[PDB]
């Protein structure tokens, strides 16, 4: 029994989901999937930006193995030989399907997909936004539209409703073949463009506004100035903090976008059920990184903060699997770089060298004692590399000279009962033991005596 695999890969989604205890998000379909599988409460990405995270997941290698830490370098523009998920699965007789945003750069492994539906550009459906963009074009400006939109339109008026349609159609086409399918939903990546009915699930005035406070004694480059959001029309670019109203509009759009994607997940799951595929298809729900919607008064991703590195991850084994677990959580420390070797083991394949490990054991036995650490990186240009570790309770981050490995700053954040911490405890005499333990874990992954970090990003 080799199962099929269906992966919902959601862009820019932190665990803002009912099943993860969100008191705000309305996510009935994803919550139902969690009642049918194992929910990982301590899952972490290897860099909190799209391109490195996704190529790391799709190759089972960490960003610091690939040397790619920014957004302008397709995997295959540097590393043509490392074996990826679609390559390995296609060679092993599976149909391989990419819908929506899977690799950040759609050219990567394009020929390794037997069925390929490109990620699509953003759509603004409100005539006012269409007119803004028209006035840009008749002004010579390439500039973004607004950061969100709430048009009173059918689901297929934005790209994720279309992705769901392609997934439903392709499941019908491939129903008697072994397949692995990635359905890459793009929201809630900016702009937060989703139909009105999903906005109408929320009142912007109900959202709590996060405190406009940076962590005390943070490293100076711990957080960005959220250039990504500043690029959208209507976002002031000259202020530390956004106002309450705009903050609420953005929080509202992120939530509306999540509920929109939740409905699209439901459509694909309904087709999987109607086609009789649930009996032999494992379903994975995952994200490329976390996100900030006003936390620390900041926005977007692009850090080693807990809120940016922690992601949802739900795995539901096919319904014919005798050992399947449903409706249980796992606190095992797991990584997105583990997904590829997990799939290798699940589908009985011989896989390539990997920087992760299979978590199939924990999918079947969620309380199995598991790993001591999960690690990530984040580059601040070519000269500075942040490297971070969590044990599930504390996060420890060193910002190093990327050549010499010297520490430029260090951070220690407690995360026992919150994804946020407002106090860097590094150097605090009360936390010497925690700092030493976390530093040892970090240094095992990131030695100081093996030379510079690899650097392979290109223009």
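Residue numbers count along the first chain shown, from 1.
Trainee: Taking the mean of the C-alpha B-factors per stretch from the entry, tell me the winner out of 321 to 329 and 197 to 205.
Mentor: It is 321 to 329 that shows the higher mean C-alpha B-factor.
Trainee: On average, which has the higher Cα B-factor in the deposited entry, 346 to 354 or 226 to 234?
Mentor: Per the PDB record, 346 to 354.
Trainee: Highest Cα B-factor in the deposition, which of 186, 98, 257, 135?
Mentor: Highest C-alpha B-factor among the listed options: 135.
Trainee: Could you tell me which one of 110, 292, 159, 380 shows the highest CA temperature factor in the PDB record?
Mentor: Reading the PDB entry, the winner on C-alpha B-factor is 110.
Trainee: Looking at the temperature factor on the CA atom of residue 430, which third of the chain's modelled residues does it land in?
Mentor: Answer is highest: the recorded C-alpha B-factor places it there.
Trainee: State the tercile, meaning the lowest, middle or highest third, of residue 56 with respect to the CA B-factors recorded for its chain.
Mentor: Lowest third, going by the recorded CA B-factors of the chain.
Trainee: Should residue 395 be placed in the lowest, middle or highest third of its chain by the C-alpha B factor in the entry?
Mentor: Its C-alpha B-factor belongs to the lowest third of this chain's values.
Trainee: Would the CA B-factor of residue 86 place it in the lowest, middle or highest third of its chain?
Mentor: Tercile = middle for this residue's CA B-factor.
Trainee: For residue 437, return the chain-relative third of its C-alpha B-factor as stated in the PDB record: lowest, middle or highest.
Mentor: It belongs to the highest third of the chain when residues are ordered by C-alpha B-factor.
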